[PDB]
Each structure stands twice: as C-alpha cells, then as structure tokens.
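# A look at the structure
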Protein chains: 4
Amino acid sequence: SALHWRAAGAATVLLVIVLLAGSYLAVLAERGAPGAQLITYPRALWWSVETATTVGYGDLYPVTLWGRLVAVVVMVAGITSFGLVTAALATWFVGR
Amino acid sequence: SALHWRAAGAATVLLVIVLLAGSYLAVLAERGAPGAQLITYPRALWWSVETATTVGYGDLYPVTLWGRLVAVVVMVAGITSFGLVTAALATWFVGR
Amino acid sequence: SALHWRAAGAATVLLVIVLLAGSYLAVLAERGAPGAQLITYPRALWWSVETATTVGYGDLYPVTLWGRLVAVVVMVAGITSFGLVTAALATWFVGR
Amino acid sequence: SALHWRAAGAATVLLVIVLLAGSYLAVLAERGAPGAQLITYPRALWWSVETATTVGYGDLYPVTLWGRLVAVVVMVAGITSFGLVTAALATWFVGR
Ligand SMILES: [K+]
Ligand SMILES: [K+]
Ligand SMILES: [K+]
Ligand SMILES: [K+]
Ligand SMILES: [K+]
Ligand SMILES: [K+]
C-alpha cells in the first residue's frame, strides 16, 4: 500500500461520498423547478451512479443551474475515480 | 503471458460472463414492474453491451431496484474490463 | 516512431475506416425494419461517431440484430482507439 | 512541473476554452434549423460539458452538419483531456 493504491482507494471512497451527497443536493436543487423529474432521493442515487459512470441513459437528468452544477461534480469525480484506478493498475503492472 | 496480459484476458472473459448473466438477471428483476421495457433476453443482452461500454442510448434501461443494481455491476465490470486492457497495452509499451 | 506511436496512429486510421464502414453497414442492416431511424448515410456517420466516443445521446440507435452487431464493433474499436492513444501518451511521459 | 503535468494542465485549460467556444458555435450552427433545441448559450454550455464527459443524456443534441461537427471537437478534446490527466497520474505513480 504505497501511493498508487491509497490514491485509487481514497478515490473509490470519495466517489461514494460524492454519489450520496450529489443525489441529496440534486433533489434540493431540482425541486422548485416545474417539470423536473430528479426530485426524489432513491432514483437520484441511481442517476448519480449512471452519471459518474458516464452512461447517462436519459431517463433522469437535471434541468436547473445548481442541479446541473452538482451533476458536473459527479461526472468529474466519477471519471477521475474510474480513471485513477486505471492508472493504479497500470503502475502495478509496470513494476512487475 | 505474464500478469499484464492474464489480467486483461480474464477481464475480457469475465465481462462476457457478466453481460450474459446481467442480461438474464435484468429480465428477472424488471418483469413484474408495470411499464418496464427491459423484459426480454435478446434485447437485454444488447442493453448490457451498450451499458458496459457506457454508451447508454436511452432506448432501454432498468426501472427497478434490483434491475438497476444489476446494471451497476455491468457498468463497473465494463469500465474495469475496458480499463484493464488499456492499462495492459500501456505496460506493454513501457517495457518496449 | 517506435511501437507506442504506430499502434495509436494505426488505431486512429482504423477507427475512421470503422466509422465509414459502420455507418454504411448500419443503413444496410436497419433498412427493412419498420420504425428504424438509422436509415440514411449522412446521419449514420454522425451516429457512428457519437457511438465510438461512447456519448450516445439517444437520437439515433440500431434496432436490428446486425445493426446492433455493427454498433458493438464501432464501440469496441472506438474505446480501443481512444484508449490506445491514452496508453500511448502514458508511455511517452514515462520514458521522459 | 515537467512534461507529464504541463500537458494535462494545458489540456484542462484548453478543454474549458473548447467548452466555451463549442457552446457558442453550437448556437450559431443550430439556429436556422427548424426543431433544433440547442439554440441558447446557457444550456449549450451544459450540453458541451455532458458531451465532453461522454455522458450525453439526450436532453440536448445538435441536428445540423456544423453543429454536429462542433460536437465532435468537444468529444475529442473532452476524451483527450480526461485521458491526458489519466496518463499524467499514471506516469506520476510509475516514477514513485
Ligand atoms: K453515454
Ligand atoms: K441517452
Ligand atoms: K461514456
Ligand atoms: K448516453
Ligand atoms: K433519450
Ligand atoms: K475512459
């Protein structure tokens, strides 16, 4: 457990924190906007996961300024996490 | 065939197993839920592929707890597999 | 121009070939299926690009067996290409 | 701050420039086309972000030649940027 494992390990933990907080903040931001569908927590968590994994079906998405702002954080933290693990497994193989 | 090839090789094999099992379990989980479209195996397999590749058009997606839970596994195993191959080809080039 | 550049270079070239051929074969496969929207070449090329980049909005997608089969090739060749360039730039930085 | 940091650093800066310019050029290209929804700047910026991150929900997408052409640049610059950072963190861990 040097640096190339603690980084990916913390990123995975941080990601889960972002997913939980992101789904919570999304509901807070999306409510008050007529037509918004991202207004309940259980499906907001499902949205955050498919957002952080860059899947993004289209069944759920933010339509507000702060809602979309929260979404961007979920994307970046998502790509970084899934990208930091990739760079982690790369360094592992290089050192044999 | 050291470690940086057996890992990506097994990941590719494991991915296919996840895609097949994921498409099967998705149908089992989605059926019983009014309005769900992911309820037949042939298109479920197509959904699993576009899910694991993080494409996610929006033509098919789970709407149940366990259905979405299966989806998350397909995503993670998908990103990992396509990410483990990337880290595999990286190590190959580093060692010249 | 060793191996970690010719690989990514060929992948980029191969990708364009897949995009052109994929868009052509998609139209051939999707036509004959009632309701299919991926039935003209100019927008098929646009679909292939957003497919290979794993974006996948949902404005265009295959609904046939062979159409979806062509799509999978576009995804895999897409992820590999954009992934082989990433592993190429990684090796470049490692060697200083 | 050698090469494996200035590259990812410039890519991040360049990405923001592409997102801003891309959202601007998208509106210019999409307007004049009946049915197009990507016709205002604030939501165009939101579209560019979810495009560069390869999320692509389906709530917004270009339907014109030049609009889709701008989109491709946003995708490529997006994948490259998020990919150049990944290759940056990889080299960092390899050198210990
Ligand atoms: K996507
Ligand atoms: K979509
Ligand atoms: K994606
Ligand atoms: K998508
Ligand atoms: K959609
Ligand atoms: K990726």
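Residues numbered from 1 in each chain as written, not as in the entry; some residues may be left out. Chains lettered and ligands numbered in written order. Part of a larger assembly, values for the part shown. Heavy atoms only, no water. Residues with missing side-chain atoms left out of burial classes, pairs and counts.

Going by the header, the method for this PDB entry is X-ray crystallography, and the resolution given is 2.8500 Å.

As recorded in the PDB entry, chain A goes by the name pH-gated potassium channel KcsA, listed as coming from Streptomyces lividans. The title given for this PDB entry is "KcsA in vitro". In its Sequence similarities section, the UniProt entry covering chain A states "Belongs to the potassium channel family." (UniProt positions renumbered as here; feature names shortened; annotations may be inferred.)

Counting its secondary structure elements, chain A contains three helices and zero strands. Starting at the N terminus, the α and β elements of chain A follow one another as α-α-α. The C-alpha extent of chain A, read off along each of the three principal axes, is 55 × 20 × 20 Å. Residue pairs at least 24 apart in sequence account for 57% of intrachain contacts in chain A once pairs closer than 6 positions are excluded. (Helix = DSSP H or I, 4+ residues; strand = E, 2+ residues; numbered from the N terminus. Contact = heavy atoms within 4.5 Å.)

All right, on to the relation of the copies chain D and chain A then. Its rotation angle being 90 degrees, the transformation that places chain D on chain A also includes 0.0 Å of axial translation and leaves an RMSD of 0.0 Å. Such values leave the two copies arranged in the relation of a four-fold axis. (Least-squares fit on C-alpha atoms.)

Another point: the interface of chain C and chain D. Taken together, the 18 residues of chain C in the interface contact 23 residues of chain D. Both faces combined, the contact of chain C with chain D buries some 1,900 Å², and carbon together with sulfur accounts for 73% of it. Applying the counting rule to chain C against chain D returns zero salt bridges. On the surface where chain C and chain D come into contact, there are four residue pairs in polar contact. (Buried area = accessible area lost by both parts, 1.4 Å probe. Salt bridge = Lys/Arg side-chain N within 4 Å of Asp/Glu carboxyl O. Polar contact = N/O pair within 3.5 Å; in protein donor to acceptor, adjacent residues only side chain to side chain.)

All names here are of chain A. Feature annotation in UniProt places "intramembrane region" on residues 41-51 and 52-59, given in this structure's numbering. Within the segment residues 41-51, helix and strand shares are 100% and 0% respectively, and the terminal C-alpha atoms sit 15 Å apart. Taken end to end, residues 52-59 is 12% helix and 0% strand, and its two terminal C-alpha atoms sit 15 Å from one another.

Turning our eyes to something else, we now look at the coordination of the potassium ion (ligand 1). Only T54 of chain A (O), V55 of chain A (O), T54 of chain B (O), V55 of chain B (O), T54 of chain C (O), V55 of chain C (O), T54 of chain D (O) and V55 of chain D (O) from the protein reach the potassium ion (ligand 1) as donors, at distances of 2.6 to 2.9 Å. Between the potassium ion (ligand 1) and the potassium ion (ligand 3) the interatomic distance comes to 4.1 Å, and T54 of chain A is a ligand of both metals. Of this pair, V55 of chain A sits in the loop between α2 (41-52) and α3 (65-94) while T54 of chain D sits in the loop between α2 (41-52) and α3 (65-94), placing the two residues on different chains. On the basis of relative accessible area, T54 of chain D is assigned to the buried category, the value being 9%. (Donors = N, O, S within 2.8 Å, 3.2 Å for Na, K, Ca; no water. Buried < 20%, exposed > 50% of the residue type's maximum accessible area, 1.4 Å probe, protein only.)

On to the interface of chain D and chain A. Contacts between chain D and chain A engage 18 residues on the former and 23 residues on the latter. Interface of chain D and chain A: buried area, both sides summed, is about 1,900 Å²; carbon and sulfur atoms make up 73% of it. A per-residue breakdown of the area chain D buries against chain A is headed by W46, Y57 and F93 of chain D, which together make up 39% of the total. Run the count over chain D and chain A and you get zero salt bridges. Connecting chain D to chain A are four residue pairs in polar contact. If you list the elements that add at least two residues to the side of chain D that touches chain A, you get α2 and α3 of chain D. With seven residues, the top contributor of residues to the side of chain D that touches chain A is α3 of chain D. Its residues placed into classes, the side of chain D that touches chain A shows 10 nonpolar, four polar and four charged. (Nonpolar A, V, L, I, M, F, W, Y, C, P; charged D, E, K, R; others polar.)

Moving on to a nonpolar patch on the surface. Residues and elements named next belong to chain A. On the surface, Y24, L25, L28 and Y41 cluster together into a nonpolar patch covering about 400 Å² of accessible area. Of all the elements, helix α1 (residues 6-30) adds the most residues to the nonpolar patch, at three residues. Relative accessible area serves as the criterion here: at 42%, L25 is assigned to the partly exposed category. (Patch = residues over 30% accessible without salt bridge, like charges linked within 9 Å, V, L, I, M, F, W, Y side chains within 5 Å. Areas by Shrake-Rupley, 256 points an atom, 1.4 Å probe, with all protein chains shown as cover.)

All names here are of chain A. Among the structural elements, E30 can be located in helix α1. Among buried charged residues, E30 stands out as having no salt bridge; its nearest opposite-charge side chain is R68, 6.5 Å away. Within the local environment of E30, its side chain forms a polar contact with the side chain of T64, the two groups lying 2.6 Å apart. Ignoring any residue separated from it by four or fewer positions in sequence, one finds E30 in contact with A36, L38, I39, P62, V63, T64, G67 and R68. (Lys, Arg positive; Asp, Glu negative; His and termini not counted.)

Attention now moves to the environment of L15 of chain A. All names here are of chain A. Within the secondary structure, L15 sits in helix α1. Relative accessible area serves as the criterion here: at 9%, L15 is assigned to the buried category. Separated by 21 residues in the primary sequence, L15 and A36 have C-alpha atoms spaced 25 Å apart. When neighbours within four sequence positions are excluded, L15 is seen to be in contact with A52, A77, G78, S81 and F82.

The next thing to look at is the packing of aromatic side chains. Within this structure, the stated rule accounts for 20 aromatic pairs over all chains. Both rings, one in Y24 of chain B and one in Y41 of chain B, keep their centres 5.9 Å apart while their planes meet at 10 degrees; by these two values the pair is stacked. With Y24 of chain B in helix α1 (residues 6-30) and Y41 of chain B in helix α2 (residues 41-52), this pair connects stretches of sequence that are 17 residues apart. Aromatic side chains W46 of chain D and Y57 of chain D sit 6.0 Å apart centroid to centroid with 20 degrees between the ring planes, which places their arrangement in the stacked category. Separated by 11 residues along the polypeptide, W46 of chain D in helix α2 and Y57 of chain D in the loop between α2 and α3 bring together distant segments of the chain. An aromatic cluster is built from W5, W92 and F93 of chain A, whose rings are joined through pairwise contacts. (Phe/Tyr/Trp six-rings, centres within 6.5 Å; stacked < 30°, edge-to-face > 60°.)

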